[PDB]
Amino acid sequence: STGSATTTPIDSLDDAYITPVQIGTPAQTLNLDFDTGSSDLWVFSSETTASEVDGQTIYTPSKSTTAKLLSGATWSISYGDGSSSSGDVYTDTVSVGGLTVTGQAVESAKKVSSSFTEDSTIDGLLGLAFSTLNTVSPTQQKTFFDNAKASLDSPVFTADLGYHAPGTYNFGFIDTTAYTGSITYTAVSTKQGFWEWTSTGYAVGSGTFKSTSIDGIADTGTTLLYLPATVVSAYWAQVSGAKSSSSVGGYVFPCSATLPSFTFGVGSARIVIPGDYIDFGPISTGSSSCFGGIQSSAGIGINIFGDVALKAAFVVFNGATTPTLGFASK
């Protein structure tokens, strides 16, 4: 089997991407944030604290003839931005782009933090990291991809994120029309539960390539590109007037600037992030100070190849017995 679903930016900055997901019988369609940096499928629901719901579409398991309470199971998660959610668990039929998993753990939110409430466009998360990160207790659950894998034509999914435009998540096949050149594959460590790999280096604009190993994760659930402070300083030094702002929370630059591109290595191959991809707009409405899309990972504890980087490529998440990651230009 295969599935293919369009993913759509939630706003004009590509702050995140939402993909429609069919849950239950009859289907309840919710727009979820496909997250290769986590491993829980959780939704806003009829169980969510009423004052914590504002505009989201909710899952109502009592309206689904195939929902079953997973008795005794609970879940609790917190993300790198300090956001969190928690609740209980149902199993139900979940379909993505025509690919159907029965018996999928659907984690029903009772509680969500303010960031979630405040974003009416995201109805929940669909985690696509490894199932060892799943937070259900006392019986850990599998991710949609792990449950689907044995059914798929090939044990892969691909992420093709758009720059200020829709893109695609495919399951079980590689669309050879969706990228240019060839796909370069690179090893993955599953030790921390992530799609963790090692970039071979970087370049700033038309600068020479610096060969250096950068361990990091491919994270569709993170907006920005988070890299070591040395790398990030080298980037922003090429932009007149850019500076790191403690008040704002990272590098800002004059909105009048033209940003340089940023190249990262994948083995011997190179992916180029155009400068416009690195512009996240005014720090506040009307400001002439703009927020940078490349930020330091110092204090995070990990380098993160978030949407700013991944949207510049066609990315293959190969879930074979020995997983690997593939990157192609597009």
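All residue numbers refer to positions in the sequence shown, first residue = 1.
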Practice task
Name the higher of the two by mean Cα B-factor in the PDB entry, 246 to 254 versus 158 to 166.
Solution key: 246 to 254
Handout entry: Mean C-alpha temperature factor, higher of 55 to 63 and 31 to 39
Key = 55 to 63
Completion exercise
Of the residues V272, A50, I278, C290, the one whose Cα carries the largest B-factor in the deposited record is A50
Exercise for the section: Select one of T285, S268, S296, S261: the residue whose C-alpha shows the highest B-factor in the crystal structure entry. Expected result: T285
Problem - Chain-relative CA temperature factor third for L224 - result: lowest
Problem - Chain thirds of CA B-factor: placement of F130 - result: highest
Problem - CA B-factor placement of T25, once the chain's modelled residues are sorted into thirds - result: highest
Problem - Chain thirds of CA B-factor: placement of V315 - result: middle
Practice task
Just say lowest, middle or highest third for the CA B-factor of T321 relative to the other modelled residues in its chain.
Solution key: highest
